[PDB]
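Below: the structure, in structure tokens.
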Number of protein chains: 2
Amino acid sequence: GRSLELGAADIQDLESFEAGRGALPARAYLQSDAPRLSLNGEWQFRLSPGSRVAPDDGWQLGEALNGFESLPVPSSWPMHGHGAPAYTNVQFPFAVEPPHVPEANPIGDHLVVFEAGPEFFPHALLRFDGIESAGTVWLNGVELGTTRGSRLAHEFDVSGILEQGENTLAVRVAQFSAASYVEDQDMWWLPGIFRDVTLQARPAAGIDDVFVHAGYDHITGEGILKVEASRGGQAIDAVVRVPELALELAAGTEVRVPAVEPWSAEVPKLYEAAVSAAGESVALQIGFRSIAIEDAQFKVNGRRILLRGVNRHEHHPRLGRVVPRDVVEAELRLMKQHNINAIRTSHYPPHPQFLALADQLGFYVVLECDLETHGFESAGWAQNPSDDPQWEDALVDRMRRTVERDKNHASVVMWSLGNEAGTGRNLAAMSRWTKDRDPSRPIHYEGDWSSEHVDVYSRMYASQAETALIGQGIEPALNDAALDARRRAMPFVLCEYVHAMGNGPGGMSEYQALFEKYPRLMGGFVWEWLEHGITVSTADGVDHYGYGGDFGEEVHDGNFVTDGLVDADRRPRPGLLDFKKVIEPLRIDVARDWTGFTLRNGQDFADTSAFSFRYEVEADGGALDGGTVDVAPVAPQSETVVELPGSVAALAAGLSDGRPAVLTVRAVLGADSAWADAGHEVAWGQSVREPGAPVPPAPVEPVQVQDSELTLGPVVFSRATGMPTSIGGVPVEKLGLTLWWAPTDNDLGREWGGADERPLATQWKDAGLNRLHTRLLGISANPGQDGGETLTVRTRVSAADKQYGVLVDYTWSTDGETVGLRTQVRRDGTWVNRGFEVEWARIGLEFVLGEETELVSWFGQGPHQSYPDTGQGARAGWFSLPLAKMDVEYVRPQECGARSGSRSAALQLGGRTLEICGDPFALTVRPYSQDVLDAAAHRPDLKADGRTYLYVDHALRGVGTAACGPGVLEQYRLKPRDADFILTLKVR
Amino acid sequence: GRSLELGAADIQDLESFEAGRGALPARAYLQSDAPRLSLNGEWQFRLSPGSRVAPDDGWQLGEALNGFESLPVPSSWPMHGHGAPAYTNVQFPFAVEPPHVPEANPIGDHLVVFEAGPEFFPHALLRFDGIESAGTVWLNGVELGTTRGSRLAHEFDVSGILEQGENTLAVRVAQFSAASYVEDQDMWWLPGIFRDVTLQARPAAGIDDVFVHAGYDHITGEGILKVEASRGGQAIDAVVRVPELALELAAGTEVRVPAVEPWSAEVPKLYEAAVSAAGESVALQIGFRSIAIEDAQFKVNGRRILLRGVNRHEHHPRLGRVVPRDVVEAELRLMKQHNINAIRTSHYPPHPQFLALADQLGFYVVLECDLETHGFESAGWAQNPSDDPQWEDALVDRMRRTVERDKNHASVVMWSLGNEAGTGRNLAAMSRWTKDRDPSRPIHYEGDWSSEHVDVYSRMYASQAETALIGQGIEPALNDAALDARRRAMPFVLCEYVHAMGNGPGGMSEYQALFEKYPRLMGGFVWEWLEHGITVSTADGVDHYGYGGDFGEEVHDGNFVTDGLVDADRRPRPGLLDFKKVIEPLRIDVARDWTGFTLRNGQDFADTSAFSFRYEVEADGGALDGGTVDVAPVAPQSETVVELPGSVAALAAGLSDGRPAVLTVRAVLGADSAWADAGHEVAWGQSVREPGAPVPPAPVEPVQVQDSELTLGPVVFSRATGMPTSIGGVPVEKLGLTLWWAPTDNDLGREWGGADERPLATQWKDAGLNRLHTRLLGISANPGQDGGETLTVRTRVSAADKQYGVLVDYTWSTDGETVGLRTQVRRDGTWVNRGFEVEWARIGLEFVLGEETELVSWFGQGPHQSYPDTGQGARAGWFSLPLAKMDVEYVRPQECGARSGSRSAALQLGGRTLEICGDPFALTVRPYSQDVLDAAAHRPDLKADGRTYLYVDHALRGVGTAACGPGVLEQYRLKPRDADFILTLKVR
Ligand SMILES: O=[N+]([O-])c1ccccc1O[C@@H]1O[C@H](CO)[C@H](O)[C@H](O)[C@H]1O
Ligand SMILES: O=[N+]([O-])c1ccccc1O[C@@H]1O[C@H](CO)[C@H](O)[C@H](O)[C@H]1O
Ligand code: NA
Ligand code: NA
């Protein structure tokens, strides 16, 4: 019985536990004076849906092509119409039976013709910096080998195969392979040759690999330099010239430069250098820095650093995994502009070019090997490749290539074995190899909590509580006494925290307080830097981002791929604005009397000499006083009290009580930096003289009784409902109590703990908060003042099939100019349902106005949204925006746009403007209803209906981060309760 | 402070705990020779959306009508374009704050002008037989009163207010009222005057109320007759003439008729009678029957009866609660035609006309008062009206009116206090009143399990297990010793069981076995008789039923209103067909050797003399032998063995082994009955000589190898997939394993018990059964016979992100005429997921054929569908239907149409037909895919895609009744396992 199935050969290679075949050794990516020819451009592409019908028709030659077509290389090929993106979070998109590949497996045949001059002879190589996920390579029909590790680099000796003149390079790329089982990151499955292809000549007497070792002696200030160079794996003679430090030395020997300026992310000093031999010179930037762990702290150059970090994925909304270099230096300067000083390359090494930019601009980076086996957790880690001895070779090759490529860059301060890969023998072999190859950086891996084979203790989304226990080193002890002693001596890092999906993330301040208070806490990396939105052009031609499912997936994880501080096009979300203020590197506590302010330098190395300290006093109309104050530089981790000019304090003292004014002390960039122009704001602080409470109007005007309506000054009531129908000509279509909001992404998440496993959003639906109803109980006039009268409208708010309720008593008084509105809420019945207390989103009013709103202005926090557990970035001021820029363009629309702590507010409606005053309320103004916003799954599903939805909230919930990790914290949860609050309105 | 809200007066009447105002006493509905004028016809109608804007503009007069329009009366008015039906199951459609009514409360103003002749003077009354839910009545602008209890009757004295000639009658009808809180049945909320309006003259010396008392002495055969008559509540002189029994007697005296033929549902003997006084005669039908409880059995006329019952709601797909009398006698004759002998009027008294038809046609009925407070359960029965002393008067009035109207009808054998109303003081007062007023019928109420105030123990959906424990009186004892002693002495009835939603109900046979085995078990009433589908005409003009939500509800319960044995138009579902055979009143066990058959008479009173006993022998082509056999009548609960003609046995013996033939003994109606023509089938039984197994083809034909395809006789394989591409010209687009089916309604239900709270349908989605995938492992030819060869195609079936799998090995042999196909399935891995074992719907194959199928024929069970725990109604035979009549037109489409126990099968595809043979398999043939059927929410969402979906199942799950009650029973659950099965195909 002989076998008759097609394609058995390709499939057995794809299902291989072995690493690629026939490539050269792993080495650093080096800047070399050898000639190079980038084969990037416009290739030819043919796509077959499986190895069983992938033609073996000699396409690899370049002759008689049938069924090819122009495609760009580098590309993620489902971004150019061939198939589609497919998004899965933890679930594998194929049956889990390693190492087998599904029958449906896109095969992409790639072909380019190039010219090879005499520079590339007698010796050259081809270099592929990234092939997702398994490539086979032919040069002139001759097999060069295979690539494994989709974001790793492979090099192939083409000596004797590369011909002079015209060559034909052919690569066959399979989307799925056994390697898929170990590349299960939470991102888009996008196959292709997404990184540079390059021909490089290899002259004789060259340099293949260089290993820079540039340490720093913080007690003496010495550099410690030893540049190793090698050819064909042997130490070679080469000369090391670093001009600026006045040294020439031999490669291979360690020397003590007498005094160097150390490298950090605050001061990223880079000495230019070259190592050269007869046939080849190599350029290097060199940062003198030394990483160590002592007294359970993570120290750089002798000082405990604080990691203000994010998790950078490589994604672009129209090119997939290809990220244009202009987009890279833009997003990285964006990061510095928001006080970020660390980056973690979740969850694979980045583009080779990325490393030098982290060296230059200034970031502590965690360089992470391409390894993740998350999809195996659901089966209790059965068959997990991290513990299958059949994968040792494959995984150690991923670590070697990872380490080798980037070992020379001072910005990488940690190697990371990978992510969400379980525990296992192979992980320990990856650690063992790395400690041997590069003892100079400590080793990170979160997935083995025992921390046996790492040097730092690392967790994701550990609660603010557990983080305080670890900060004091009193977390519960490991079962192994020996292991526990080790882990207790490591510093602690959160590689992922404050999950920034949608509206949020809440609770950042609580985490930051612990980072400053506890030295064993290293800091943390927000999840994540960007959303992976993929732009989708509609029939109309409107643009919007699509997410998981939108592209036809059979299994997918929805909008969980859009969970970042910036959108796919790097437009900041309010979370970035908040985070920037949270991690701000100086704190400015402005004194109540406006005489000075305390300045703490929170940096680890720099002093304050880089910063101009400006102040301004803003009153209602314009600025009253402003300028600059000179601060004698304060050391890192030192504090001074700096006086402000006496004019500022005298101005505060002479304010008529109840007149608002805000003192803002800014710290801005004295001079341009590599990442921002002079005057860029780094840190700030404020003191506010508040307005007094608003004067309730005298109830001098009485209540006029028509048969169908009532009238009390400028407000028109309906005798059937009790609610206002107009105020000063402004049509009022509805007025009621609100307790609910269109759920955020965190509200859609399950908050672990509590026997209530339903998401808050579900809790609400079950409770009926989204479908409240109001019964009218009574309407009265009552003795006012000098003939005038108050109006009291009694209602009860509740929901169908529910016994709990709230009584709401609206009480109006008017003098003819301003309407007064007192609102009282009292609970009737226990607000219990399906066994669990109900929690409210808010305690407010919804005014539905009959006309459109063009412009919203307020006094309070701003300019961007704020909620109880967010809003740190929103300062006290006077703001004014067009309605459409009050919204927040989240990909799945949801509750956003509340401006908390608001004191006054004006909506410009056609010709008239509507002025609310009162004690602190949260303002929100949208052109569509809450239910339109809740049902909407993408932004085009939001349509204005010509009215205005005015939200005035006397209380709000926090937002938390329950979509992944901690929910709203106790101090910010909103339990049902009685409440009382006063407003005053006015139309002009 | 004086109150300024509109409509405070109507609302305080609507919110009233009191019963109607100013009507005459509750009395029986009587056939009287007094003149009557039905005000039914075409009324005028104005609809206001709340009492606060219901005009008080003197519409009640009939002059200057503004905003009225022609409407039929009786009507449910949302069936005629005014508003819409709204379906809620247990949830109230308004905030639960009794007695308050929501602001949104349709007010329907009704007006008719009629002519009153001299017959109606000086004394007459108006009679409303039903007003949902609160009516106010004016005759010539003069208030007559108010109605409460939507399916109860009210009568108003119009003496001195009804004028001669032309009158104007005005009724204002509010949909919601305090009474809504006690009318929360699981049905459509439809307001209006849905039952007859009638003017009736009341001559002097008349009869107002009559109370028939017609018992039976089963030891002597005597009738015991006493007809009470009364006027203005006092016993009056009247004469009682029952011609047929040769008696004239005075009303008020009890007499002993020497010998009467008793009344039962099997023999509903009705003696015509009249009671008359000077001004009025009243006609009566009189059934002599006596109900008693002894030895914990429910006995009628001395014999323990068995209740073969259903729950009749009053519903019509286009008229709502109005059920045309032709539809009533049709549905009731339908019921008799399916062996039903009992009816329960869930959950309100029916149309007055219904009672006489139950007397005549023959049904034990449970007459149920309009009371149900289900929506209060979710709050722990807080504020439940059954225990609020403020409702005593309202509820006792509902019981009185209920009892009074129908007390004279022998078919009612139980009064029922209501349904799903909790326990409470008012319920006990309802019971106390009823025992006093009418001691002759026992009292039913399920909602108080202690059974303190009832005479029978009644439950819903108690499992087959608990029912056997009760059958033996060994259920766990009540906490109160005294109560427990009472309940243990009552007989037991299931007022609702075997929930017949969608495909089902499964498990009827298990219940029936217990009914026969245990005398304390009275029987049961299927839930429910009909679906409440409401027809919806689409733009195309296609008709289909809509259900909850489809009409715009804010809260609703989906398709739970369509849960019956017949659809809204009384077209039978397969459940009725099964149920008819289950409850069949004789059992015919046909002997294996075909010499005779055992006959048990299961009736309680009749013998077999009504039945012709026919037999037929059916072979492949036509009938071989047939006729009639004479059975000496067997008593109720007796058995005989009746010989069949010797020709029948000799025919069986002379059959060549492996030739199929079926002996069917039928018991049909010898002569016409009030409910069916002669020859109607009542009970049947069969013995089958099976076919032998099919001969596997000799593998004489070899496997031809092209580069792209294989060929083995008439079958064409694809070398890439391994699956057949054609068999005898018939395009085969896909062939694979099936383990899943589009979930039924029961599969969508939560099966209580087991820590798995997810519905089976959810279990499956979580497990991936709906999205299986097949990887190909190998293909071989192998040594066959005389040059020929088998083909073995090895696959593995599984699902993305899952480790469990099944290996499937397809093995084909051919001789050139017939294809042989052996299929083997073996488990690889534990089929566990989210902590709970996965269960399969089936173990079968899905053939997707490229051409349409016109006609399906098979040998096996039929003609209607069958599944392991259903299909009793399907007999052994030869059947043949067009494809579209293989389907089942469920309102939410779902898994149906499997014909289990099938031996052979032919699909006619254009010109050729495809013949499957093999051991018992379950056949199914649909014109659309399973996923089309699962996604479809209504029948118009099913569209044929031009192909054929052939389902051959070697194993199946039962269907159960998990949508309400027990799921699939143990013996019918399908756990994963290895399996082996052989098929043979053939194309002509
Ligand atoms: O770490 N976890 O316990 C965990 C629980 C639920 C979902 C994701 C998850 O892991 C984390 O999720 C984030 C953000 O979505 C990223 O995908 C990250 O790579 C992953 O480690
Ligand atoms: O009786 N029950 O415990 C129960 C549990 C869940 C849903 C309905 C239910 O009660 C029963 O349901 C049926 C069929 O849907 C009818 O509505 C019936 O009137 C009701 O008593
Ligand atoms: Na994510
Ligand atoms: Na139902």
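How things are named: the first chain in the structure tokens is A, the next is B, and so on; residues count from 1 in each chain; ligands count from 1 in the order shown.
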Test item: residues no farther than 7 Å from ligand 3, counting only C-alpha atoms and all ligand atoms, as a PyMOL selection string: chain A and resi 89+186+560-563
Contacts of range 932-946 of chain B at 6 Å (only C-alpha atoms; same-chain gap of 5+ positions) as an mmCIF file with N, CA and C atoms, in the first residue's frame:
data_model
loop_
_atom_site.group_PDB
_atom_site.id
_atom_site.type_symbol
_atom_site.label_atom_id
_atom_site.label_comp_id
_atom_site.auth_asym_id
_atom_site.auth_seq_id
_atom_site.Cartn_x
_atom_site.Cartn_y
_atom_site.Cartn_z
ATOM 1 N N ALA B 742 -27.887 22.157 14.424
ATOM 2 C CA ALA B 742 -28.387 23.480 14.786
ATOM 3 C C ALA B 742 -29.292 23.371 16.017
ATOM 4 N N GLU B 852 -29.797 19.911 -6.886
ATOM 5 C CA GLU B 852 -30.997 19.919 -6.059
ATOM 6 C C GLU B 852 -31.595 18.521 -5.945
ATOM 7 N N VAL B 891 -41.285 27.901 14.025
ATOM 8 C CA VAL B 891 -41.278 29.353 13.832
ATOM 9 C C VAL B 891 -39.860 29.907 13.926
ATOM 10 N N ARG B 892 -39.107 29.517 14.961
ATOM 11 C CA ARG B 892 -37.655 29.680 14.932
ATOM 12 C C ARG B 892 -37.051 28.412 14.340
ATOM 13 N N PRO B 927 -32.431 21.481 1.817
ATOM 14 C CA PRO B 927 -31.888 22.282 0.707
ATOM 15 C C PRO B 927 -30.931 23.404 1.098
#
Would you kindly report the residues of chain B within 8 Å of chain A, using only C-alpha atoms, as a compact mmCIF listing (two decimals) with N, CA and C atoms, in the first residue's frame?
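This went into out35.txt:
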# COMPACT_ATOMS: atom_id res chain seq x y z
N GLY B 1 -50.67 74.60 48.91
CA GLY B 1 -50.18 73.95 47.70
C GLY B 1 -51.16 72.96 47.09
N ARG B 2 -51.90 73.41 46.06
CA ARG B 2 -52.88 72.57 45.39
C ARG B 2 -52.27 71.90 44.16
N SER B 3 -52.79 70.71 43.84
CA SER B 3 -52.18 69.82 42.86
C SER B 3 -52.59 70.17 41.44
N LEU B 4 -51.62 70.14 40.52
CA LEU B 4 -51.85 70.59 39.15
C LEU B 4 -51.60 69.52 38.09
N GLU B 5 -51.57 68.25 38.46
CA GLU B 5 -51.33 67.18 37.50
C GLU B 5 -52.63 66.76 36.82
N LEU B 6 -52.54 66.43 35.54
CA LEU B 6 -53.73 66.06 34.78
C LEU B 6 -54.11 64.62 35.05
N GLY B 7 -55.41 64.34 34.97
CA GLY B 7 -55.87 62.97 34.99
C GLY B 7 -55.73 62.21 36.29
N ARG B 52 -53.63 60.60 31.31
CA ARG B 52 -53.36 62.02 31.52
C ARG B 52 -53.73 62.86 30.30
N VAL B 53 -53.92 62.24 29.14
CA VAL B 53 -54.31 62.96 27.93
C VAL B 53 -55.46 62.23 27.24
N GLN B 91 -41.78 38.29 33.06
CA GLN B 91 -41.49 39.66 33.44
C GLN B 91 -42.68 40.57 33.15
N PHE B 92 -42.94 41.46 34.10
CA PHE B 92 -43.94 42.49 33.91
C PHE B 92 -43.42 43.53 32.93
N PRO B 93 -44.27 44.05 32.07
CA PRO B 93 -43.82 45.10 31.14
C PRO B 93 -43.84 46.50 31.74
N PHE B 94 -43.90 46.60 33.07
CA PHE B 94 -43.94 47.89 33.76
C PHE B 94 -43.29 47.72 35.11
N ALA B 95 -42.88 48.85 35.69
CA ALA B 95 -42.28 48.82 37.02
C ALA B 95 -43.22 48.16 38.01
N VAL B 96 -42.66 47.30 38.85
CA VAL B 96 -43.45 46.54 39.80
C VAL B 96 -43.58 47.39 41.07
N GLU B 97 -44.67 48.15 41.14
CA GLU B 97 -45.02 48.94 42.32
C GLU B 97 -46.54 48.93 42.46
N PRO B 102 -48.21 52.47 34.81
CA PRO B 102 -47.24 53.34 34.15
C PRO B 102 -47.92 54.47 33.41
N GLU B 103 -47.16 55.55 33.22
CA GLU B 103 -47.63 56.68 32.42
C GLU B 103 -48.00 56.28 31.00
N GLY B 375 -44.76 37.41 38.12
CA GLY B 375 -43.73 38.42 38.15
C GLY B 375 -43.24 38.82 39.52
N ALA B 379 -38.72 38.79 43.27
CA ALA B 379 -38.45 39.56 44.48
C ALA B 379 -38.76 38.78 45.74
N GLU B 554 -39.77 46.50 24.41
CA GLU B 554 -38.57 46.86 25.14
C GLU B 554 -38.12 45.74 26.07
N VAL B 555 -39.06 45.01 26.66
CA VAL B 555 -38.77 43.74 27.31
C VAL B 555 -39.71 42.68 26.74
N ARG B 719 -7.24 14.11 -5.13
CA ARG B 719 -6.00 13.70 -4.47
C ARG B 719 -5.53 14.72 -3.45
N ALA B 720 -6.00 15.96 -3.53
CA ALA B 720 -5.62 16.95 -2.54
C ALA B 720 -6.38 16.77 -1.22
N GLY B 722 -8.76 13.98 -0.53
CA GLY B 722 -9.13 12.62 -0.21
C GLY B 722 -10.62 12.34 -0.29
N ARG B 771 -17.89 24.36 14.37
CA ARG B 771 -16.84 24.82 13.48
C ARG B 771 -15.72 23.78 13.45
N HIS B 773 -13.03 21.09 11.76
CA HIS B 773 -12.09 21.13 10.65
C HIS B 773 -11.44 19.77 10.50
N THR B 774 -11.09 19.46 9.26
CA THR B 774 -10.58 18.14 8.91
C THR B 774 -9.20 18.30 8.31
N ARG B 775 -8.22 17.64 8.92
CA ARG B 775 -6.89 17.53 8.34
C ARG B 775 -6.74 16.16 7.69
N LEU B 776 -6.10 16.12 6.53
CA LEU B 776 -5.85 14.86 5.84
C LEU B 776 -4.50 14.30 6.29
N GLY B 778 -3.39 10.70 5.31
CA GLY B 778 -2.84 9.76 4.35
C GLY B 778 -3.92 9.31 3.39
N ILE B 779 -3.48 8.75 2.26
CA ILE B 779 -4.35 8.10 1.27
C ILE B 779 -3.60 6.89 0.73
N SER B 780 -4.27 5.74 0.68
CA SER B 780 -3.67 4.50 0.18
C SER B 780 -4.68 3.71 -0.64
N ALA B 781 -4.17 3.02 -1.64
CA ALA B 781 -4.86 1.85 -2.17
C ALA B 781 -4.32 0.62 -1.44
N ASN B 782 -5.05 -0.49 -1.55
CA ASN B 782 -4.68 -1.68 -0.79
C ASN B 782 -5.22 -2.91 -1.50
N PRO B 783 -4.60 -4.08 -1.32
CA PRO B 783 -5.03 -5.28 -2.06
C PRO B 783 -6.50 -5.61 -1.85
N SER B 798 -11.35 17.97 14.18
CA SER B 798 -11.16 18.72 15.40
C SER B 798 -11.55 20.17 15.18
N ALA B 799 -11.09 21.07 16.03
CA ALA B 799 -11.56 22.44 15.98
C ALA B 799 -10.45 23.36 16.44
N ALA B 800 -10.48 24.59 15.94
CA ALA B 800 -9.42 25.54 16.26
C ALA B 800 -9.36 25.79 17.76
N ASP B 801 -8.14 25.94 18.26
CA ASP B 801 -7.77 26.07 19.68
C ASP B 801 -8.21 24.87 20.54
N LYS B 802 -8.45 23.71 19.96
CA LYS B 802 -8.85 22.54 20.73
C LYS B 802 -7.84 21.41 20.55
N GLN B 803 -7.58 20.66 21.62
CA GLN B 803 -6.65 19.53 21.57
C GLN B 803 -7.33 18.20 21.29
Distance filter 8 Å around ligand 2, atoms: only C-alpha atoms and all ligand atoms, out as a PyMOL selection string: chain B and resi 89-90+185-187+346-347+419-420+460-461+496+499+527-528+560-561+563+964-965
Can I get the selected residues back with C-alpha atoms, as a PDB file, in the first residue's frame?
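As a result, selection.pdb now contains:
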ATOM      1  CA  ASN B  89     -43.301  35.537  29.869  1.00  0.00           C
ATOM      2  CA  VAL B  90     -42.774  36.167  33.556  1.00  0.00           C
ATOM      3  CA  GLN B 185     -49.935  34.925  32.318  1.00  0.00           C
ATOM      4  CA  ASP B 186     -47.271  33.805  29.852  1.00  0.00           C
ATOM      5  CA  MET B 187     -49.005  35.141  26.754  1.00  0.00           C
ATOM      6  CA  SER B 346     -54.567  27.877  31.280  1.00  0.00           C
ATOM      7  CA  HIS B 347     -54.868  30.289  32.946  1.00  0.00           C
ATOM      8  CA  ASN B 419     -51.580  29.604  38.514  1.00  0.00           C
ATOM      9  CA  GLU B 420     -48.055  30.747  39.450  1.00  0.00           C
ATOM     10  CA  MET B 460     -45.354  21.202  36.862  1.00  0.00           C
ATOM     11  CA  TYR B 461     -42.543  19.476  34.980  1.00  0.00           C
ATOM     12  CA  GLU B 496     -47.897  20.976  32.978  1.00  0.00           C
ATOM     13  CA  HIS B 499     -42.818  21.009  27.501  1.00  0.00           C
ATOM     14  CA  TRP B 527     -47.680  22.411  27.865  1.00  0.00           C
ATOM     15  CA  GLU B 528     -49.232  23.556  25.731  1.00  0.00           C
ATOM     16  CA  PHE B 560     -41.145  31.215  24.238  1.00  0.00           C
ATOM     17  CA  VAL B 561     -44.740  32.074  23.266  1.00  0.00           C
ATOM     18  CA  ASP B 563     -44.320  26.290  22.505  1.00  0.00           C
ATOM     19  CA  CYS B 964     -38.684  23.929  30.544  1.00  0.00           C
ATOM     20  CA  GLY B 965     -38.058  20.895  32.733  1.00  0.00           C
TER      21      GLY B 965
END
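Reported to one decimal place, the separation of CA of residue 137 in chain B from CA of residue 170 in chain B is 5.8 Å.
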From B:966, B:135, B:149, B:317, residue lying nearest residue 370 in chain B [only C-alpha atoms]: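 For residue 370 in chain B, the nearest of the given residues is B:149.
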Within 9 Å of range 838-851 of chain A using only C-alpha atoms, minus same-chain residues under 3 positions, as a PyMOL selection string: chain A and resi 726+730-741+760+763-764+767+769+825+831-833+909-910+921-922+929+946-958+973-976+979
From A:901, A:627, A:418, A:519, residue lying nearest ligand 1 [only C-alpha atoms and all ligand atoms]: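 Distance minimum relative to ligand 1 lands on A:418.
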Contact residues around residue 171 in chain B with only C-alpha atoms at 7 Å, ignoring same-chain residues under 2 positions, as number ranges by chain: B: 109-111, 135-138, 169, 173
All residues 8 Å or closer to residue 431 in chain B, only C-alpha atoms, same chain fewer than 2 positions away omitted, as a ChimeraX atom specification: /B:417,427-429,433-435,443,453-454
With C-alpha atoms kept, could you save the residues just selected as a PDB file, in the first residue's frame?
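Result went into selection.pdb, see below:
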ATOM      1  CA  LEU B 417     -57.565  28.845  42.044  1.00  0.00           C
ATOM      2  CA  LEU B 427     -55.639  31.963  47.940  1.00  0.00           C
ATOM      3  CA  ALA B 428     -56.882  30.270  51.076  1.00  0.00           C
ATOM      4  CA  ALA B 429     -59.953  32.518  51.057  1.00  0.00           C
ATOM      5  CA  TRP B 433     -65.293  30.108  49.344  1.00  0.00           C
ATOM      6  CA  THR B 434     -65.213  27.467  46.600  1.00  0.00           C
ATOM      7  CA  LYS B 435     -65.528  24.453  48.973  1.00  0.00           C
ATOM      8  CA  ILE B 443     -59.851  22.064  44.193  1.00  0.00           C
ATOM      9  CA  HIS B 453     -55.903  24.446  50.616  1.00  0.00           C
ATOM     10  CA  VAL B 454     -56.364  21.971  47.762  1.00  0.00           C
TER      11      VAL B 454
END
